[PDB]
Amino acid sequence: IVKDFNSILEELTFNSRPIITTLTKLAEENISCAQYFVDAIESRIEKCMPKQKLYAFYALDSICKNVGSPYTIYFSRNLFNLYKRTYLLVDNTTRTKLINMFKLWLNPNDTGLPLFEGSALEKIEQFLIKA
């Protein structure tokens, strides 16, 4: 299950709805493997080329939005640091998209409440203010 999750995630070189939807189902059905999935998405975000890091963030977004706990909690831990580094490594067009994504996280328009609890969102906001 994990190896598949990983290879499908290597093919995420564009904004593929299918792939994202697929990764989201795998995470949803294998809660036992949560963390390995988070591990894998974070690894991808941290290591792939600057211009595809965004799609890995999309996959991260979908899983947290459509599955929720315990992924929201797990992703919370490195959210800010992964977000900051990504922002600093990509072009302005991509930054705009990163920011729109952060806005939905605060006001998921919604069900109405921080998709992420803890300090992650506050830190991102303060970073965006200064940067």
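Quick note: we count residues from 1 along the sequence shown, nothing fancier.
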- Task: Taking the mean of the C-alpha B-factors per stretch from the entry, tell me the winner out of 26 to 34 and 79 to 87.
- Result: 26 to 34
- Read off the CA B-factors in the entry, average them over 104 to 112 and over 117 to 125, and name the higher stretch. 104 to 112
- For the listed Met49, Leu54, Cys64, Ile99, which has the peak Cα B-factor recorded in the PDB entry? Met49
- Task: Ordered by C-alpha B-factor within the chain, which third holds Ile73? Give me lowest, middle or highest, please.
- Result: middle
